[PDB]
Every structure is written in C-alpha cells, then in structure tokens.
$ cat query-v5.pdb   # PDB, C-alpha atoms
MODEL        1
ATOM      1  CA  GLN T3184     -28.321   2.351   6.930
ATOM      2  CA  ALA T3185     -29.016   5.606   5.099
ATOM      3  CA  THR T3186     -28.475   7.693   8.248
ATOM      4  CA  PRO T3187     -28.084   6.020  11.650
ATOM      5  CA  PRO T3188     -28.433   8.215  14.759
ATOM      6  CA  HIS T3189     -25.034   9.868  15.323
ATOM      7  CA  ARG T3190     -25.566  12.079  18.361
ATOM      8  CA  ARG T3191     -23.927  10.321  21.337
ATOM      9  CA  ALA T3192     -21.842   7.436  19.876
ATOM     10  CA  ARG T3193     -21.888   5.245  22.987
ATOM     11  CA  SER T3194     -19.548   2.416  21.943
ATOM     12  CA  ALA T3195     -19.720   1.966  18.118
ATOM     13  CA  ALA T3196     -22.270   1.165  15.449
ATOM     14  CA  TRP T3197     -20.160  -1.814  14.348
ATOM     15  CA  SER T3198     -17.121  -3.360  16.027
ATOM     16  CA  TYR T3199     -14.560  -5.957  14.964
ATOM     17  CA  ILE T3200     -12.132  -7.902  17.165
ATOM     18  CA  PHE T3201      -8.753  -8.740  15.631
ATOM     19  CA  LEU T3202      -6.866 -11.988  16.060
ATOM     20  CA  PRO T3203      -3.086 -11.582  16.549
ATOM     21  CA  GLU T3204      -2.241 -13.486  13.350
ATOM     22  CA  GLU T3205      -4.577 -11.555  11.022
ATOM     23  CA  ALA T3206      -4.300  -7.872  10.142
ATOM     24  CA  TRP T3207      -6.843  -7.374   7.336
ATOM     25  CA  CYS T3208     -10.605  -7.855   7.536
ATOM     26  CA  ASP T3209     -12.843  -7.641   4.471
ATOM     27  CA  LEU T3210     -16.369  -6.218   4.352
ATOM     28  CA  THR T3211     -17.997  -7.416   1.125
ATOM     29  CA  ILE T3212     -21.052  -5.387   0.085
ATOM     30  CA  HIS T3213     -23.198  -6.988  -2.616
ATOM     31  CA  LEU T3214     -25.564  -4.671  -4.430
ATOM     32  CA  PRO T3215     -28.754  -5.985  -6.086
ATOM     33  CA  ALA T3216     -27.643  -4.429  -9.385
ATOM     34  CA  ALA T3217     -24.468  -2.985 -10.851
ATOM     35  CA  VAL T3218     -24.166   0.769 -10.297
ATOM     36  CA  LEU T3219     -21.877   3.499 -11.606
ATOM     37  CA  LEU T3220     -19.810   3.816  -8.437
ATOM     38  CA  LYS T3221     -18.109   7.185  -7.996
ATOM     39  CA  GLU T3222     -16.954   7.580  -4.395
ATOM     40  CA  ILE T3223     -16.794   5.585  -1.148
ATOM     41  CA  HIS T3224     -17.640   7.064   2.257
ATOM     42  CA  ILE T3225     -16.355   5.338   5.401
ATOM     43  CA  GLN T3226     -17.159   6.862   8.793
ATOM     44  CA  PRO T3227     -15.170   5.474  11.755
ATOM     45  CA  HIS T3228     -16.184   5.751  15.418
ATOM     46  CA  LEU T3229     -16.192   9.522  15.892
ATOM     47  CA  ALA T3230     -16.172   9.440  19.704
ATOM     48  CA  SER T3231     -13.102   7.152  19.857
ATOM     49  CA  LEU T3232     -11.175   7.079  16.573
ATOM     50  CA  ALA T3233      -8.395   4.993  18.122
ATOM     51  CA  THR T3234     -10.337   2.135  16.494
ATOM     52  CA  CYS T3235     -10.303   3.857  13.088
ATOM     53  CA  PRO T3236      -8.615   1.683  10.426
ATOM     54  CA  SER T3237      -4.997   2.472   9.638
ATOM     55  CA  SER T3238      -5.356   1.783   5.914
ATOM     56  CA  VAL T3239      -8.293   0.816   3.701
ATOM     57  CA  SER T3240      -8.109  -0.983   0.354
ATOM     58  CA  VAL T3241     -11.234  -0.831  -1.813
ATOM     59  CA  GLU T3242     -12.097  -3.535  -4.372
ATOM     60  CA  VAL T3243     -14.737  -3.437  -7.108
ATOM     61  CA  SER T3244     -16.444  -6.246  -9.002
ATOM     62  CA  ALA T3245     -18.673  -5.616 -12.006
ATOM     63  CA  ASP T3246     -19.912  -9.217 -12.108
ATOM     64  CA  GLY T3247     -20.078  -9.382  -8.298
ATOM     65  CA  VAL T3248     -17.805 -12.434  -7.948
ATOM     66  CA  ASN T3249     -14.353 -11.477  -9.278
ATOM     67  CA  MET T3250     -12.778  -9.396  -6.527
ATOM     68  CA  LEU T3251     -10.170  -7.068  -7.996
ATOM     69  CA  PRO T3252      -8.108  -4.553  -5.962
ATOM     70  CA  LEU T3253      -8.764  -0.863  -6.456
ATOM     71  CA  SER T3254      -5.841   1.307  -5.458
ATOM     72  CA  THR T3255      -3.018   0.933  -2.998
ATOM     73  CA  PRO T3256      -4.462   1.130   0.533
ATOM     74  CA  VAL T3257      -4.859   4.778   1.501
ATOM     75  CA  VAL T3258      -3.828   5.512   5.079
ATOM     76  CA  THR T3259      -6.783   6.866   7.049
ATOM     77  CA  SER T3260      -5.322   6.775  10.569
ATOM     78  CA  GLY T3261      -6.218  10.039  12.261
ATOM     79  CA  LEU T3262      -8.996  10.786   9.750
ATOM     80  CA  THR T3263     -12.462  11.520  11.118
ATOM     81  CA  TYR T3264     -14.039  10.854   7.707
ATOM     82  CA  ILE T3265     -12.853   8.684   4.815
ATOM     83  CA  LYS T3266     -13.748   9.880   1.299
ATOM     84  CA  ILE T3267     -12.298   7.715  -1.488
ATOM     85  CA  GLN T3268     -13.247   9.485  -4.706
ATOM     86  CA  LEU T3269     -12.691   7.856  -8.101
ATOM     87  CA  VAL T3270     -11.497   9.986 -11.003
ATOM     88  CA  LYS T3271     -12.912   7.249 -13.268
ATOM     89  CA  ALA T3272     -16.406   6.142 -12.270
ATOM     90  CA  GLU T3273     -16.509   2.342 -12.269
ATOM     91  CA  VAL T3274     -19.422   0.039 -13.052
ATOM     92  CA  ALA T3275     -19.402  -2.108  -9.912
ATOM     93  CA  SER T3276     -21.882  -4.538  -8.381
ATOM     94  CA  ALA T3277     -19.790  -5.706  -5.404
ATOM     95  CA  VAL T3278     -17.466  -3.657  -3.188
ATOM     96  CA  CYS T3279     -14.892  -5.243  -0.868
ATOM     97  CA  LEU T3280     -13.489  -2.876   1.765
ATOM     98  CA  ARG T3281     -10.385  -4.484   3.290
ATOM     99  CA  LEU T3282      -9.541  -2.647   6.511
ATOM    100  CA  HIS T3283      -6.110  -2.920   8.113
ATOM    101  CA  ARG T3284      -5.456  -3.285  11.824
ATOM    102  CA  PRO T3285      -5.165   0.078  13.643
ATOM    103  CA  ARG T3286      -1.775   1.314  14.773
ATOM    104  CA  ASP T3287      -2.240   0.686  18.510
ATOM    105  CA  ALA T3288      -5.749  -0.784  18.799
ATOM    106  CA  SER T3289      -6.921  -4.380  18.467
ATOM    107  CA  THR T3290     -10.527  -3.365  17.707
ATOM    108  CA  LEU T3291     -12.165  -1.694  14.714
ATOM    109  CA  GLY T3292     -15.067   0.699  15.189
ATOM    110  CA  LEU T3293     -17.193   1.948  12.297
ATOM    111  CA  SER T3294     -20.383   4.007  12.099
ATOM    112  CA  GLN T3295     -21.674   4.194   8.514
ATOM    113  CA  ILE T3296     -20.515   3.097   5.053
ATOM    114  CA  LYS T3297     -21.957   4.848   1.995
ATOM    115  CA  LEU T3298     -21.769   3.644  -1.618
ATOM    116  CA  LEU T3299     -22.157   6.776  -3.737
ATOM    117  CA  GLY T3300     -22.780   6.767  -7.465
ATOM    118  CA  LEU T3301     -25.401   6.704 -10.199
ATOM    119  CA  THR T3302     -27.447   4.066 -12.011
ATOM    120  CA  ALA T3303     -27.841   3.343 -15.717
ATOM    121  CA  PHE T3304     -30.870   5.678 -15.914
ATOM    122  CA  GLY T3305     -30.497   7.886 -12.849
TER     123      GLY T3305
ATOM    124  CA  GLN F3184       3.172  18.080  35.279
ATOM    125  CA  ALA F3185       4.277  14.736  36.704
ATOM    126  CA  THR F3186       0.748  13.296  36.517
ATOM    127  CA  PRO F3187      -2.224  15.527  35.673
ATOM    128  CA  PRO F3188      -5.725  14.165  36.380
ATOM    129  CA  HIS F3189      -6.677  11.983  33.391
ATOM    130  CA  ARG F3190     -10.109  10.629  34.282
ATOM    131  CA  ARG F3191     -12.665  12.586  32.215
ATOM    132  CA  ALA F3192     -10.652  14.584  29.614
ATOM    133  CA  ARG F3193     -13.224  17.341  29.097
ATOM    134  CA  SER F3194     -11.634  19.320  26.246
ATOM    135  CA  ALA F3195      -7.799  18.977  26.440
ATOM    136  CA  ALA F3196      -4.984  19.721  28.846
ATOM    137  CA  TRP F3197      -3.304  21.880  26.191
ATOM    138  CA  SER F3198      -4.658  23.061  22.842
ATOM    139  CA  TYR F3199      -3.103  24.767  19.824
ATOM    140  CA  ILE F3200      -4.873  26.570  16.972
ATOM    141  CA  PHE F3201      -3.245  26.323  13.542
ATOM    142  CA  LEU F3202      -2.999  29.110  10.998
ATOM    143  CA  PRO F3203      -3.617  28.019   7.376
ATOM    144  CA  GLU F3204      -0.099  28.979   6.249
ATOM    145  CA  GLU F3205       1.798  27.143   9.013
ATOM    146  CA  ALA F3206       1.868  23.385   9.549
ATOM    147  CA  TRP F3207       4.540  22.860  12.228
ATOM    148  CA  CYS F3208       4.500  24.163  15.795
ATOM    149  CA  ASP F3209       7.481  23.789  18.124
ATOM    150  CA  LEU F3210       7.345  23.158  21.873
ATOM    151  CA  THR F3211      10.777  23.966  23.312
ATOM    152  CA  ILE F3212      11.405  22.463  26.758
ATOM    153  CA  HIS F3213      14.416  23.877  28.602
ATOM    154  CA  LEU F3214      15.727  21.788  31.460
ATOM    155  CA  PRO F3215      17.671  23.372  34.352
ATOM    156  CA  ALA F3216      20.546  20.953  33.700
ATOM    157  CA  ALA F3217      21.625  18.588  30.950
ATOM    158  CA  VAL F3218      20.279  15.061  31.431
ATOM    159  CA  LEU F3219      20.942  11.691  29.814
ATOM    160  CA  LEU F3220      17.749  11.618  27.761
ATOM    161  CA  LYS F3221      16.575   8.135  26.798
ATOM    162  CA  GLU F3222      12.956   8.273  25.639
ATOM    163  CA  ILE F3223      10.207  10.828  24.958
ATOM    164  CA  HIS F3224       6.578  10.318  25.989
ATOM    165  CA  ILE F3225       3.857  12.355  24.270
ATOM    166  CA  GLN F3226       0.229  11.789  25.270
ATOM    167  CA  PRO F3227      -2.397  13.315  22.940
ATOM    168  CA  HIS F3228      -6.020  14.042  23.872
ATOM    169  CA  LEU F3229      -7.287  10.546  24.662
ATOM    170  CA  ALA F3230     -10.994  11.426  24.505
ATOM    171  CA  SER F3231     -10.700  12.986  21.017
ATOM    172  CA  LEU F3232      -7.504  11.950  19.223
ATOM    173  CA  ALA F3233      -8.612  13.674  16.017
ATOM    174  CA  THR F3234      -6.384  16.471  17.361
ATOM    175  CA  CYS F3235      -3.425  14.101  17.801
ATOM    176  CA  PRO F3236      -0.385  15.252  15.776
ATOM    177  CA  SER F3237       0.164  13.561  12.434
ATOM    178  CA  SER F3238       3.954  13.507  12.757
ATOM    179  CA  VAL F3239       6.365  14.588  15.492
ATOM    180  CA  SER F3240      10.015  15.558  15.037
ATOM    181  CA  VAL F3241      12.145  15.621  18.191
ATOM    182  CA  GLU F3242      15.234  17.843  18.543
ATOM    183  CA  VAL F3243      17.924  17.735  21.230
ATOM    184  CA  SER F3244      20.398  20.378  22.363
ATOM    185  CA  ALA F3245      23.230  19.618  24.769
ATOM    186  CA  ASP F3246      24.116  23.295  25.222
ATOM    187  CA  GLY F3247      20.431  24.294  25.228
ATOM    188  CA  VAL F3248      20.707  26.793  22.351
ATOM    189  CA  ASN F3249      21.753  24.864  19.224
ATOM    190  CA  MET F3250      18.599  23.124  18.037
ATOM    191  CA  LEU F3251      19.499  20.036  16.029
ATOM    192  CA  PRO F3252      16.947  17.628  14.482
ATOM    193  CA  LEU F3253      16.652  14.144  15.919
ATOM    194  CA  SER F3254      15.172  11.661  13.490
ATOM    195  CA  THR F3255      12.808  11.936  10.576
ATOM    196  CA  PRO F3256       9.337  12.802  11.915
ATOM    197  CA  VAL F3257       7.619   9.611  13.045
ATOM    198  CA  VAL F3258       3.953   9.448  12.079
ATOM    199  CA  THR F3259       1.782   9.203  15.190
ATOM    200  CA  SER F3260      -1.658   9.722  13.631
ATOM    201  CA  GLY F3261      -3.994   7.158  15.144
ATOM    202  CA  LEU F3262      -1.660   6.508  18.094
ATOM    203  CA  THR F3263      -3.103   6.836  21.593
ATOM    204  CA  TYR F3264       0.393   7.087  23.100
ATOM    205  CA  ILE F3265       3.664   8.292  21.575
ATOM    206  CA  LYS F3266       6.857   6.599  22.813
ATOM    207  CA  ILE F3267      10.020   7.766  21.027
ATOM    208  CA  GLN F3268      12.801   5.600  22.431
ATOM    209  CA  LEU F3269      16.456   6.317  21.651
ATOM    210  CA  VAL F3270      18.820   3.417  21.027
ATOM    211  CA  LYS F3271      21.636   5.851  21.902
ATOM    212  CA  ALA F3272      20.947   7.863  25.049
ATOM    213  CA  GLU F3273      21.759  11.510  24.347
ATOM    214  CA  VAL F3274      23.057  14.163  26.730
ATOM    215  CA  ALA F3275      20.447  16.870  26.157
ATOM    216  CA  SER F3276      19.505  20.040  28.017
ATOM    217  CA  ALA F3277      16.816  21.338  25.632
ATOM    218  CA  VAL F3278      14.181  19.355  23.725
ATOM    219  CA  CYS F3279      12.215  20.810  20.801
ATOM    220  CA  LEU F3280       9.118  18.809  19.848
ATOM    221  CA  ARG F3281       7.927  20.003  16.427
ATOM    222  CA  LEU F3282       4.376  18.752  15.889
ATOM    223  CA  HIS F3283       2.820  18.619  12.429
ATOM    224  CA  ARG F3284      -0.737  19.612  11.596
ATOM    225  CA  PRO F3285      -3.236  16.727  11.965
ATOM    226  CA  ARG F3286      -4.652  15.064   8.879
ATOM    227  CA  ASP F3287      -8.161  16.552   9.082
ATOM    228  CA  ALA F3288      -8.079  18.764  12.190
ATOM    229  CA  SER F3289      -6.972  22.374  12.584
ATOM    230  CA  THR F3290      -6.394  22.014  16.346
ATOM    231  CA  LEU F3291      -3.803  20.136  18.394
ATOM    232  CA  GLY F3292      -4.735  18.574  21.720
ATOM    233  CA  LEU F3293      -2.146  17.225  24.153
ATOM    234  CA  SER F3294      -2.345  15.899  27.710
ATOM    235  CA  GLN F3295       1.136  15.239  29.125
ATOM    236  CA  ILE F3296       4.734  15.306  27.870
ATOM    237  CA  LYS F3297       7.369  13.297  29.746
ATOM    238  CA  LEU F3298      11.152  13.642  29.423
ATOM    239  CA  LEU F3299      12.560  10.289  30.531
ATOM    240  CA  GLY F3300      16.213   9.643  31.256
ATOM    241  CA  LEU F3301      18.935   9.684  33.890
ATOM    242  CA  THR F3302      21.298  12.253  35.388
ATOM    243  CA  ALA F3303      25.078  12.243  35.737
ATOM    244  CA  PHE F3304      24.816  10.621  39.196
ATOM    245  CA  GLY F3305      21.345   9.084  39.202
TER     246      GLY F3305
ENDMDL
END

$ encode --input "query-v5.pdb" --output "structure tokens"
Amino acid sequence: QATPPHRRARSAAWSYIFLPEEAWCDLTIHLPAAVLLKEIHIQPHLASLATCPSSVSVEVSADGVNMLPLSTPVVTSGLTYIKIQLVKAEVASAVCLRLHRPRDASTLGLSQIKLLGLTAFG
Amino acid sequence: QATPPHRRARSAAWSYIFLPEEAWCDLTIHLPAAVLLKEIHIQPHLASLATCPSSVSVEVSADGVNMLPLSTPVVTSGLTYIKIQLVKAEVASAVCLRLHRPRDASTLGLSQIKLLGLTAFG
C-alpha cells in the first residue's frame, strides 16, 4: 500500500513464521512495467522491532524472470527504517527481497515496502 | 535491582542521551567484594528495543581499579536479551560495561543488569 495506517501498530501489518531449517524468506515483487529503480524502503514493525530482519539481500530483474543478487546482505538488525539506496539506478521490473531470520526471534514483522524510482518518461 | 517490575515498560528503567561526538558510554559496577564472575546479563528496553545498544564491551577488574577489556564488543543490535557467558570464570570485583551508540537511535534504554557468578565459599 502507498501509506497504510501507522498510528498504533497492534501486532504487525505482515508477519512471517520461520521453520527451524530455513533462514531466508524471499518476497518477490513483480511490477507491471520495468522502472528505473533508485532506492528500496523497508519498514519493519515499529512497535516491536525484535521481529525486524537481521539482514536483507535485494535482487533486481530487468526481464522479471532472471533473479540476480544485488549487493551483499546489509545488516538491518536494530534499524527502525531500512533505506537501500543505489548509486547506480537500475532498470528493474522484478525485485526479490530476501530477508534473513532475526537474531533472537522466529517471526518476521513488516509494515510497508516502497519501490522508489522513475519511469522512462517520468 | 534483583527483579524490577517488567510488566508494562512505559518508557525505560534507565535511559541515556548521547552527544554527537561520543559513541561509547561506560557503566562501572563496583562490587563490595571480588566474586567469581561467570556470565553477564543485560536486558534492554523490551517495549522499544530501538534503544538497545549496538555493541557491548565488558571489562573486568580483580582489584577494582585497573580496567581491562574483556572481549571484542559483541553486537547485540536486534537482541531482546544479552547473555555474555565466560568459558573461563574470572575473579572480578569491578565490571565496566561500555555500550555503543545504537544504529539509528540517539538514546539508550536498559531495564536490568545482572552480575552472575559465585563467591569464594558459595
């Protein structure tokens, strides 16, 4: 959503339960058209950021099918707001956010993911 | 305190405000007698762990005056509970906990610090 209501933050906007064997979970976001991606915004659960992801690895796909890793996973444990800027703006149509298991929590709690950038004529 | 009331966690049990120039703040705990220290317990603000310390460096002093660093500072950002066990129990009379500035917070919030160990005849 463009702006969900963030005033009370009861439990979480979105929650994920982790199996003991797995540590990474991937959120694949498919855009209707390729955009000039510039910066990713990830907002964890602000009321209880124990469920904030330890590290996040972004992936971009210009054709929307070929997942390709972005950078090494930046550690966001203890961060109230995740801003992954790109020095080089990338033409991407699909974005895979692979979130790592938190340091001492088996659940992931997120509030809002933004996909900031431009278009070809915007 | 042995057990402070942790049921609501309104603001914090203890809070620290960070100057822009400094990044480390030291809590020096002086015991009346030297004890066989075994493990440190640090509880951050459980309701809002944005103020949890990014990294903590412990220091022990057997004579109580000569501060001497323990290990490299363990990163506790995103940890609801900090348990620094010692494989070698150390005879310590003073314990200096040097807490680092959080990743995106200018305040530190702690709830309870425990100093676990034995005595000479206990």

$ interface_residues --input "query-v5.pdb" --of "chain F" --to "chain T" --cutoff "9 Å" --atoms "all atoms listed in the file" --output "ChimeraX atom specification"
/F:3229-3237,3259-3264,3285-3288

$ closest_residue --input "query-v5.pdb" --among "T:3214, T:3228, T:3283, T:3296" --to "residue 3190 (chain T)" --atoms "all atoms listed in the file"
T:3228

$ atom_distance --input "query-v5.pdb" --atom1 "CA of residue 3303 (chain F)" --atom2 "CA of residue 3184 (chain F)"
22.7 Å

$ residues_near_point --input "query-v5.pdb" --point "(10.0, 15.0, 13.2)" --cutoff "12 Å" --atoms "all atoms listed in the file" --output "PyMOL selection string"
chain F and resi 3207-3209+3236-3243+3251-3259+3267+3279-3284

$ write_last_selection --input "query-v5.pdb" --atoms "C-alpha atoms" --output "PDB file, in the frame of the given file"
ATOM      1  CA  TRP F3207       4.540  22.860  12.228  1.00  0.00           C
ATOM      2  CA  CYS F3208       4.500  24.163  15.795  1.00  0.00           C
ATOM      3  CA  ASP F3209       7.481  23.789  18.124  1.00  0.00           C
ATOM      4  CA  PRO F3236      -0.385  15.252  15.776  1.00  0.00           C
ATOM      5  CA  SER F3237       0.164  13.561  12.434  1.00  0.00           C
ATOM      6  CA  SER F3238       3.954  13.507  12.757  1.00  0.00           C
ATOM      7  CA  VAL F3239       6.365  14.588  15.492  1.00  0.00           C
ATOM      8  CA  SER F3240      10.015  15.558  15.037  1.00  0.00           C
ATOM      9  CA  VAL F3241      12.145  15.621  18.191  1.00  0.00           C
ATOM     10  CA  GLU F3242      15.234  17.843  18.543  1.00  0.00           C
ATOM     11  CA  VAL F3243      17.924  17.735  21.230  1.00  0.00           C
ATOM     12  CA  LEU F3251      19.499  20.036  16.029  1.00  0.00           C
ATOM     13  CA  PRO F3252      16.947  17.628  14.482  1.00  0.00           C
ATOM     14  CA  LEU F3253      16.652  14.144  15.919  1.00  0.00           C
ATOM     15  CA  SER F3254      15.172  11.661  13.490  1.00  0.00           C
ATOM     16  CA  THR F3255      12.808  11.936  10.576  1.00  0.00           C
ATOM     17  CA  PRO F3256       9.337  12.802  11.915  1.00  0.00           C
ATOM     18  CA  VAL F3257       7.619   9.611  13.045  1.00  0.00           C
ATOM     19  CA  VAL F3258       3.953   9.448  12.079  1.00  0.00           C
ATOM     20  CA  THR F3259       1.782   9.203  15.190  1.00  0.00           C
ATOM     21  CA  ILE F3267      10.020   7.766  21.027  1.00  0.00           C
ATOM     22  CA  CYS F3279      12.215  20.810  20.801  1.00  0.00           C
ATOM     23  CA  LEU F3280       9.118  18.809  19.848  1.00  0.00           C
ATOM     24  CA  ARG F3281       7.927  20.003  16.427  1.00  0.00           C
ATOM     25  CA  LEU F3282       4.376  18.752  15.889  1.00  0.00           C
ATOM     26  CA  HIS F3283       2.820  18.619  12.429  1.00  0.00           C
ATOM     27  CA  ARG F3284      -0.737  19.612  11.596  1.00  0.00           C
TER      28      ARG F3284
END

$ residues_around --input "query-v5.pdb" --residues "region 3221-3225 of chain T" --least-positions-apart "2" --cutoff "9 Å" --atoms "all atoms listed in the file" --output "list in words"
residues 3219, 3227, 3241, 3264, 3265, 3266, 3267, 3268, 3269, 3270, 3271, 3272, 3273, 3274, 3293, 3294, 3295, 3296, 3297, 3298, 3299, 3300 and 3301 of chain T

$ closest_residue --input "query-v5.pdb" --among "T:3195, T:3185, T:3277, T:3200" --to "residue 3212 (chain T)" --atoms "all atoms listed in the file"
T:3277

$ resolve_selection --input "query-v5.pdb" --expression "the PyMOL selection byres ((chain F and resi 3201) around 8)" --output "MDAnalysis selection string"
chainID F and resid 3199:3200 3202:3203 3205:3206 3284 3289:3291

$ write_last_selection --input "query-v5.pdb" --atoms "C-alpha atoms" --output "compact mmCIF listing (two decimals), keeping the file's coordinate frame"
# COMPACT_ATOMS: atom_id res chain seq x y z
CA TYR F 3199 -3.10 24.77 19.82
CA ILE F 3200 -4.87 26.57 16.97
CA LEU F 3202 -3.00 29.11 11.00
CA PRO F 3203 -3.62 28.02 7.38
CA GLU F 3205 1.80 27.14 9.01
CA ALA F 3206 1.87 23.38 9.55
CA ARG F 3284 -0.74 19.61 11.60
CA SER F 3289 -6.97 22.37 12.58
CA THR F 3290 -6.39 22.01 16.35
CA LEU F 3291 -3.80 20.14 18.39

$ atom_distance --input "query-v5.pdb" --atom1 "CA of residue 3304 (chain T)" --atom2 "CA of residue 3217 (chain T)"
11.9 Å

$ closest_residue --input "query-v5.pdb" --among "T:3276, T:3226, T:3198, T:3220" --to "residue 3250 (chain T)" --atoms "only C-alpha atoms"
T:3276

$ atom_distance --input "query-v5.pdb" --atom1 "CA of residue 3210 (chain F)" --atom2 "CA of residue 3187 (chain F)"
18.4 Å

$ decode --input "query-v5.pdb" --residues "region 3210-3237 of chain T" --atoms "N, CA and C atoms" --output "short mmCIF file (atom, residue, chain, number, x, y, z; two decimals), in the first residue's frame"
data_model
loop_
_atom_site.label_atom_id
_atom_site.label_comp_id
_atom_site.auth_asym_id
_atom_site.auth_seq_id
_atom_site.Cartn_x
_atom_site.Cartn_y
_atom_site.Cartn_z
N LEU T 3210 10.57 -12.27 -0.70
CA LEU T 3210 9.38 -11.56 -1.15
C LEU T 3210 9.67 -11.05 -2.56
N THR T 3211 9.01 -11.64 -3.55
CA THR T 3211 9.19 -11.26 -4.94
C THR T 3211 8.07 -10.30 -5.34
N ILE T 3212 8.46 -9.10 -5.77
CA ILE T 3212 7.53 -8.05 -6.17
C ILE T 3212 7.67 -7.87 -7.67
N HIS T 3213 6.58 -8.15 -8.39
CA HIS T 3213 6.55 -8.05 -9.84
C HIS T 3213 5.83 -6.77 -10.24
N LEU T 3214 6.52 -5.89 -10.91
CA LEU T 3214 5.91 -4.66 -11.37
C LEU T 3214 5.29 -4.87 -12.75
N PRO T 3215 4.22 -4.12 -13.08
CA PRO T 3215 3.63 -4.25 -14.42
C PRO T 3215 4.56 -3.84 -15.54
N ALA T 3216 5.49 -2.93 -15.28
CA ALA T 3216 6.46 -2.50 -16.27
C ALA T 3216 7.80 -2.26 -15.58
N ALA T 3217 8.86 -2.34 -16.37
CA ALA T 3217 10.19 -2.05 -15.85
C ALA T 3217 10.32 -0.57 -15.51
N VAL T 3218 10.91 -0.29 -14.35
CA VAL T 3218 11.09 1.07 -13.87
C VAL T 3218 12.56 1.30 -13.56
N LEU T 3219 12.95 2.57 -13.55
CA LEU T 3219 14.30 2.97 -13.16
C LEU T 3219 14.33 3.02 -11.64
N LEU T 3220 14.60 1.86 -11.04
CA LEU T 3220 14.69 1.74 -9.59
C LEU T 3220 15.89 2.51 -9.06
N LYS T 3221 15.70 3.17 -7.92
CA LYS T 3221 16.74 4.02 -7.35
C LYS T 3221 17.03 3.67 -5.89
N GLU T 3222 16.01 3.28 -5.14
CA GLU T 3222 16.17 3.09 -3.71
C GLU T 3222 15.01 2.28 -3.16
N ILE T 3223 15.33 1.34 -2.26
CA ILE T 3223 14.34 0.48 -1.61
C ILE T 3223 14.08 0.99 -0.20
N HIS T 3224 12.82 0.99 0.20
CA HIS T 3224 12.41 1.32 1.56
C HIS T 3224 11.73 0.11 2.17
N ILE T 3225 12.25 -0.35 3.30
CA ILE T 3225 11.66 -1.44 4.06
C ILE T 3225 11.41 -0.95 5.48
N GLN T 3226 10.15 -0.98 5.90
CA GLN T 3226 9.77 -0.57 7.25
C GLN T 3226 9.41 -1.80 8.07
N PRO T 3227 10.17 -2.14 9.11
CA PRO T 3227 9.79 -3.26 9.98
C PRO T 3227 8.68 -2.87 10.95
N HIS T 3228 8.31 -3.78 11.84
CA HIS T 3228 7.30 -3.49 12.86
C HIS T 3228 7.90 -2.51 13.86
N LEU T 3229 7.38 -1.28 13.86
CA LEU T 3229 7.97 -0.22 14.67
C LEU T 3229 7.69 -0.41 16.16
N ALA T 3230 6.55 -1.00 16.50
CA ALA T 3230 6.22 -1.20 17.91
C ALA T 3230 7.10 -2.27 18.54
N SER T 3231 7.38 -3.34 17.80
CA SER T 3231 8.24 -4.43 18.28
C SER T 3231 9.18 -4.81 17.14
N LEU T 3232 10.37 -4.20 17.15
CA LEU T 3232 11.38 -4.45 16.13
C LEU T 3232 12.29 -5.62 16.48
N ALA T 3233 11.91 -6.43 17.48
CA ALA T 3233 12.55 -7.73 17.67
C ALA T 3233 12.36 -8.62 16.45
N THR T 3234 11.26 -8.43 15.72
CA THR T 3234 10.96 -9.18 14.51
C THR T 3234 11.53 -8.53 13.26
N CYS T 3235 12.31 -7.46 13.40
CA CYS T 3235 12.96 -6.85 12.25
C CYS T 3235 14.01 -7.80 11.68
N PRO T 3236 14.15 -7.86 10.35
CA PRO T 3236 15.11 -8.80 9.76
C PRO T 3236 16.54 -8.44 10.11
N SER T 3237 17.35 -9.48 10.35
CA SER T 3237 18.76 -9.27 10.67
C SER T 3237 19.50 -8.71 9.46
#
